[PDB]
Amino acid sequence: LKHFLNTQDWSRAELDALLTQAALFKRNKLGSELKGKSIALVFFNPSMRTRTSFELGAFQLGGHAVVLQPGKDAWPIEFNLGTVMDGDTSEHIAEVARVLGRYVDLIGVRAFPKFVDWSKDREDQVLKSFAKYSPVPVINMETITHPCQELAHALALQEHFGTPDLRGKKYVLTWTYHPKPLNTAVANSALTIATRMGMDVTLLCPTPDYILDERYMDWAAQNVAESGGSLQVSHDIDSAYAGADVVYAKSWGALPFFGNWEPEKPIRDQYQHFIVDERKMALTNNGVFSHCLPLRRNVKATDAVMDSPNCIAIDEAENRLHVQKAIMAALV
């Protein structure tokens, strides 16, 4: 059974076929690839873009999305095996996944880490659980990686450059400031897709403490080695932005401080200048700026940069709709 947990699990041919099916669904939004079909969108965290583009994607293709929010409307779920359920959890993923498997044809899941222990959050339990117990294809709507976002990003970039081949482009994934520590998911996905496309990735971040988990630093290397691109870590703003083509911002808490965020505020608070402004963007080769959103103005990007005609954020967001229909149409 094929799922869409990560882009890394897919061959470059399938990924490419996806982006093309996306480009296609963008010219003809209505279809019946999902006629009479349905998808259960399980959200364990907030969502605007994802929730809306899936529900509309299912509709536009003849299917129907059922949005569930364990804890709010649906009963809370347990993921640990053998555990004696006398706590907050009402049922186990083993039952829930099989039950959903009788109602729907596809299951999408969104579950951000708990931020209490990266050793535990990085195992990606929820997604793995759904994938194991579900008889229908499971789709990652973001956990510790955001694969759907990756494709919406890659398509927006290809559209911008008017070509599918993005090799030779200087890609700069940059950490950016945020009052609180956030999920590395989008960053891990930016790196994975940016290196997979064969670009010149530079992971700009404040201190070595902000470097992404090794899993993604290694996926990145394997991707570089096989796409003819390159990976490079930096801690100098100007040198990085220096004549770049693409600039992706994303704020995230330093993994080494997971569970012990107290002594991290003082650290991140002394780097608010990583904010993408006109200055950095100027140092770029007439580069394009984007962010996964929700983006906080004058904190991550400045009003100027967002209002800049070089910000392809809204196009990337809109592509979430097209790229996801490509994934569903494929998995069924």
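Numbers for residues come from their place in the sequence shown, where the first is 1.
As recorded in the PDB entry, 79-87 is the stretch of 79-87 and 124-132 with the greater mean C-alpha temperature factor. Per-stretch averaging of Cα B factors for 181-189 and 240-248 places 240-248 on top.
Listed residues 36, 266, 57, 46 were ranked by CA B-factor as deposited; 266 comes out on top. Taking the deposited Cα B-factors for 92, 170, 98, 153, the highest one is held by 170. Ranked within its chain, residue 256 lands in the highest third, by CA B factor from the PDB record. Placement of the Cα temperature factor of residue 299 within the chain: middle third of the modelled residues, per the deposited record. Residue-level temperature factors show residue 281 in the highest third of its chain, judged at the C-alpha atom. Sorting the modelled residues of the chain by their CA temperature factor places residue 272 in the highest third. For residue 113, the recorded CA B-factor ranks within the middle third of the chain. Only modelled residues enter the ranking.
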